[PDB]
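Student: quick one: initial chain(s) of a complex, as found there:
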Amino acid sequence: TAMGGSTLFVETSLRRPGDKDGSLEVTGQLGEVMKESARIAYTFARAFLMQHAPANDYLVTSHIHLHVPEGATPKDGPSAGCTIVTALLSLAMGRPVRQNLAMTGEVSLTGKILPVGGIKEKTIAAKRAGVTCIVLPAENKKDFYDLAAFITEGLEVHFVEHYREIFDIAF
Amino acid sequence: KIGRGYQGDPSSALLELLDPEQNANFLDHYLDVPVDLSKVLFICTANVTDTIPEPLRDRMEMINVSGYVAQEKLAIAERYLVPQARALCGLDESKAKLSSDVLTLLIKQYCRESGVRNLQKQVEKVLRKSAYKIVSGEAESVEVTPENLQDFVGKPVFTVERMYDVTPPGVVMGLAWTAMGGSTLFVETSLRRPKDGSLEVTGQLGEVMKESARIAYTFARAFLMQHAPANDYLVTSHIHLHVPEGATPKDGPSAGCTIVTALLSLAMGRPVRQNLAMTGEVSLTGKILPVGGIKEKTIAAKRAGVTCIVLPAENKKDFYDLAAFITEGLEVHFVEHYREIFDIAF
């Protein structure tokens, strides 16, 4: 955020459970950039749950309605794509994520994870909150290791390439 | 409302004058000396801050002077408006008597605004027509009663009578929040056709209100089948729902409680108890989520002759910070589920 690092909860819920497909109503962060990011994330979550556990029809017909809090610069906004995919997959499978876990990164239409900014601010925010595990784009590991040793000492960092690895370390 | 057009731009002069760090040396053009203006208490009135440049808004302590509710307006009228108008028109209490109840009626039906000038205009109108009746020799003492007010200030701008003083099956009174604030509406439900049943919805067509009414209807059907199982109305019947268009989009979906109550009242054939207005969005399980504009909703409840309103449980703090003249004669029920609202409608 414009004030510095911050820690927000991306929340998906359910509302109104072969002819129709379940839509998605983003409410928190308005803007065309975050709108397209949410669309891409929704499509990838669907494809992931199709090729993995192909039986449940949840993510395809549910009318999810997620909500992403409003504090983030318009450039950092799309760095919630992997968080959105993980919230959607967690709500679908009915399994909460690993407890003390923070994640950031942009997700592609096929799941590739892209680098983001504000690594120091995000790290300090995660450390100020209670976080023991952090997940970061693999291309941000230089930026992570440039920080001071008293910041990045109490958290285990996972540098990911593709979202299958976040699904591994998140469930 | 300062000029910023072709000739000059005195906003920069004000930005130099109203700067606390440069007040100590003002330096107008005539005197080449600088004058200390740090002890002057400056006050600037504005109707809207949007047309104030940001470096100038940033130099002032923005204090918002909000309007008055009907009770504050009545106090103002009794203490200032009516005495000053008496003095300006040459009348007293014995010649023309404005009582507190006729003043309440005037404020309720005519002066439904945020400021005071219109109430003052109405007060002057009443006293002025009184003075004309006295001078022309028609009378020697005028009496303004809540029945005799009509021929003094004209047709009431707002109607006290509501659509239904006693509600039949299908229609339930819910109160909403408009851009003018404080509206009460009757959610109505009927049936169209004489094996699956359907819902046809009209009113404030909003994309989210569509899904809101849909899930409210679904929860109503499920609640009915679990509460009274031998009743198949809400499943085998085709019905029509109507929601009046007062509520702004934000609180458009805030009528789910009333919609479910209407559908259930129609399906059961039992009217809802009188003077009962309700608010609250329902979830699928029946969770009652918080609603906004409780001050306006409560004022509307009062104006519409309502006694017992129903609010979400987590609006308890939002409600119990409203003044006693706003919520004294109201009995409030706070609910965390729809079973409790069902009990509240007997």
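Tutor: Everything's here; your move. Numbers count the residues shown, from 1 in each chain, chains lettered A, B, ... in the order given.

Student: for the residue of chain B found nearest chain A, what are its contacts?
Tutor: For chain B, the residue closest to chain A is residue B:215, as judged by C-beta to the nearest C-beta, at 5.0 Å. The way it works is simple: take the backbone N, C-alpha and C, and place the C-beta from them, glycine included. Going by C-beta atoms under 8 Å, 6 or more residues apart in numbering or on different chains, residue B:215 touches A:15, A:16, B:256, B:282, B:284.

Student: and if you look at residue A:19?
Tutor: Taking C-beta under 8 Å, 6+ apart as the definition, residue A:19 has no contacts.

Student: Over to the one 4 residues further on?
Tutor: With C-beta under 8 Å, 6+ apart as the criterion, the residues that contact residue A:23 are A:63, A:64.

Student: For the residue nearest the centre of chain B, which non-adjacent residue is closest in space?
Tutor: Closest residue to the average C-alpha location of chain B: residue B:182 at 2.4 Å, with C-alpha atoms, centre = their mean. Of all residues not flanking residue B:182 in the chain, residue B:300 sits nearest, at 3.6 Å (C-beta to C-beta, 6 or more residues apart in numbering or on different chains).

Student: Now for that neighbour, how many residues are close by?
Tutor: For residue B:300, the neighbour count with other C-beta atoms under 10 Å in any protein chain shown is 23.

Student: what about it, which SS state?
Tutor: Secondary structure state of residue B:300, per DSSP: H, G, I helix; E, B strand; the rest coil, is helix.

Student: ok, it touching residue B:178?
Tutor: No - the pair residue B:300 and residue B:178 does not pass the contact test of C-beta atoms under 8 Å, sitting 9.1 Å apart.

Student: Quick check: chain neighbours aside, which residue is closest to residue B:189?
Tutor: Excluding the flanking residues, the one nearest residue B:189 by C-beta to C-beta, 6+ apart is residue B:170, at 4.1 Å.

Student: Spit out the contact partners of that neighbour.
Tutor: B:188, B:189, B:190, B:262, B:265, B:266.

Student: Mind telling me the two of these farthest from one another?
Tutor: B:190 and B:265 (11.8 Å; C-beta to C-beta).

Student: just to revisit the earlier point, of the contacts of residue B:215, closest to residue B:117?
Tutor: Nearest to residue B:117 among those, with distances taken as C-beta to C-beta, is residue B:256, at 39.7 Å.

Student: Ramachandran angles for residue B:185?
Tutor: phi -140, psi 150 (degrees, to the nearest 10).

Student: which secondary structure element contains the closest residue to chain B within chain A?
Tutor: Proximity of chain A to chain B (C-beta to the nearest C-beta) peaks at residue A:16, 5.0 Å away. Assigned by DSSP states H and E, residue A:16 falls within no helix or strand.

Student: all helices for the stretch 51-200 of chain B, in order.
Tutor: Taking DSSP state H, counting those that start in this stretch, the helices of the stretch 51-200 of chain B run over residues B:54-57, B:70-76, B:82-89, B:100-109, B:117-135, B:150-153.

Student: and what of chain A?
Tutor: Applying DSSP state H to chain A gives helices spanning A:32-51, A:81-93, A:119-128, A:141-145, A:163-170.

Student: sec struct for the closest residue to residue B:202 other than its chain neighbours, please.
Tutor: Leaving aside its chain neighbours, residue B:202 sits nearest to residue B:242 (5.1 Å; criterion: C-beta to C-beta, 6+ apart). Of the three states, residue B:242 takes strand under three-state DSSP.

Student: Bridged to residue B:242, which residues?
Tutor: In this entry, residue B:242 is beta-bridged to residue B:188, residue B:202, by DSSP bridges.

Student: Could you do residue B:332 as well?
Tutor: Applying DSSP bridges to residue B:332 gives these bridge partners: residue B:309.

Student: Touching, it and residue B:311? I think so.
Tutor: Yes - assessed by C-beta under 8 Å, residue B:332 is found in contact with residue B:311 at 6.2 Å.

Student: Of these two, give the one with the bigger neighbour count.
Tutor: Neighbours were counted for residue B:332 and for residue B:311 using other C-beta under 10 Å; residue B:311 has more, 25 against 15.

Student: add chain C to the structure above:
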Amino acid sequence: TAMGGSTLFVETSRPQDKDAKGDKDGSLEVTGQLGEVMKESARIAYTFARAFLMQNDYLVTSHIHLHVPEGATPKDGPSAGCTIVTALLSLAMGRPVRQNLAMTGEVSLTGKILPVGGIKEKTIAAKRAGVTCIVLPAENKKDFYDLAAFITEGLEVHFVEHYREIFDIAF
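Tutor: This next block brings in chain C, placed alongside the chains you saw above:
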């Protein structure tokens, strides 16, 4: 209308009665350049005529066209509710309304008649159109008696609150 009150004729008349199976729903096509509120009100009036005629199946098993002429200002849109209900009922029952009879007033889903505006203009137009009987909502009685003595001389008036009374005096 804008600067005036010219009286209008609503008319009714689509596929012919099938008379084969009573499982269909029947439909109402409405024209007359209606705003959104005007179309919703015409739909409410349709539903109320269908419910009022519970007694036969002309409203439920016939496809109908409704025409309300243009001219009523958008604020004065839904003031044709009782007129629409009467048009539908007369088409169904197969009998005309009283020959010189004009009406106005919004109708709710259950039959409650709501007050309207422009009583003076509507009355002037009714008198100039040869209308001898006029049906108004109840809450407009003071509004109607605040008129001059020549705006109403031989004009029979009926103030009403529920549409059953309009039906009684129209038939």
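
Student: ok chain C is in now, so what about the nearest residue to residue B:202?
Tutor: residue C:40 (4.4 Å).

Student: isn't there a helix covering the one you found?
Tutor: Yes - counting by three-state DSSP, residue C:40 falls inside a helix.

Student: returning to what we had before: hmm, the residue nearest to the centre of chain B is touching residue B:306, no?
Tutor: No - with contact defined as C-beta under 8 Å, residue B:182 does not count as touching residue B:306 (11.6 Å).

Student: Now the common contact residues for the two.
Tutor: Residues touching both residue B:182 and residue B:306 (C-beta under 8 Å, 6+ apart): residue B:175.

Student: closest point of chain B to chain C, which residue?
Tutor: Of all residues in chain B, residue B:188 sits closest to chain C, at 4.0 Å by C-beta to the nearest C-beta.

Student: and that residue, how many neighbours does it have?
Tutor: 28.

Student: again, but for the one 4 residues further on
Tutor: Per other C-beta under 10 Å, the neighbour tally for residue B:192 reads 19.

Student: Next, the contact list for it, please.
Tutor: By C-beta under 8 Å, 6+ apart, the contact list for residue B:192 reads B:200, B:238, B:239, B:240, C:25, C:47, C:50, C:51, C:60.

Student: among those residues, which are in strands?
Tutor: Among the contacts of residue B:192, the residues falling in strands (DSSP state E) are B:200, B:239, B:240.

Student: ok, the first one - contacts?
Tutor: By C-beta under 8 Å, 6+ apart, the contact list for residue B:200 reads B:192, B:238, B:239, B:240, B:241, C:43, C:47.

Student: now do 7 Å
Tutor: The contact partners of residue B:200, by C-beta atoms under 7 Å, 6 or more residues apart in numbering or on different chains, come to B:192, B:240, B:241.

Student: Kindly report the same for the second one.
Tutor: For residue B:239, the contact set (C-beta under 7 Å, 6+ apart) comprises B:189, B:190, B:191, B:192, B:199, B:266.

Student: since we're on the residue of chain C at minimum distance from chain B, how many residues are nearby?
Tutor: Going by C-beta to the nearest C-beta, chain B is nearest to residue C:109 of chain C, at 4.0 Å. Residues near residue C:109, counting by other C-beta under 10 Å, number 22.

Student: now residue B:226
Tutor: Neighbourhood size, residue B:226 [other C-beta under 10 Å]: 8.

Student: Thought residue B:253 was touching residue B:208, still the case?
Tutor: Yes - with contact defined as C-beta atoms under 7 Å, residue B:208 and residue B:253 form a contacting pair (5.7 Å).

Student: Neighbour count for these two, which is higher?
Tutor: residue B:253 (23 against 14).

Student: Just give the nearest non-adjacent residue to the more buried one, would you?
Tutor: Residue nearest to residue B:253 in three dimensions, not counting chain neighbours: residue B:212, with 3.6 Å by C-beta to C-beta, 6+ apart.

Student: three-state assignment of that neighbour?
Tutor: Using three-state DSSP, the structure places residue B:212 in helix.

Student: Which stretches in the stretch 151-300 of chain B count as strands?
Tutor: Using DSSP state E, counting those that start in this stretch, the strands of the stretch 151-300 of chain B run over B:172-176, B:183-191, B:199-203, B:239-243, B:276-278, B:281-282, B:288-289.

Student: What is the distance between the third one and the centre of its chain?
Tutor: Centroid displacement of strand B:199-203 relative to its chain, using C-alpha atoms, centre = their mean, to the nearest Å, is 26 Å.

Student: Export that strand to CSV, keeping only CA atoms.
Tutor: Extracted C-alpha coordinates of strand B:199-203, given in CSV (Å, rounded to 0.1, in the frame of the first residue of the first chain):
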residue,chain,number,x,y,z
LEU,B,199,-40.7,-16.3,-9.0
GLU,B,200,-41.2,-13.1,-11.1
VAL,B,201,-39.5,-10.0,-9.5
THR,B,202,-40.1,-6.3,-10.3
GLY,B,203,-38.9,-3.1,-8.8
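
Student: Which residues of the stretch 101-250 of chain B lie near chain C?
Tutor: Residues of the stretch 101-250 of chain B lying close to chain C (C-beta under 7 Å from any C-beta of the partner chain) are B:159, B:161, B:163-164, B:168, B:170-171, B:188, B:190-194, B:202-203, B:205, B:240, B:242.
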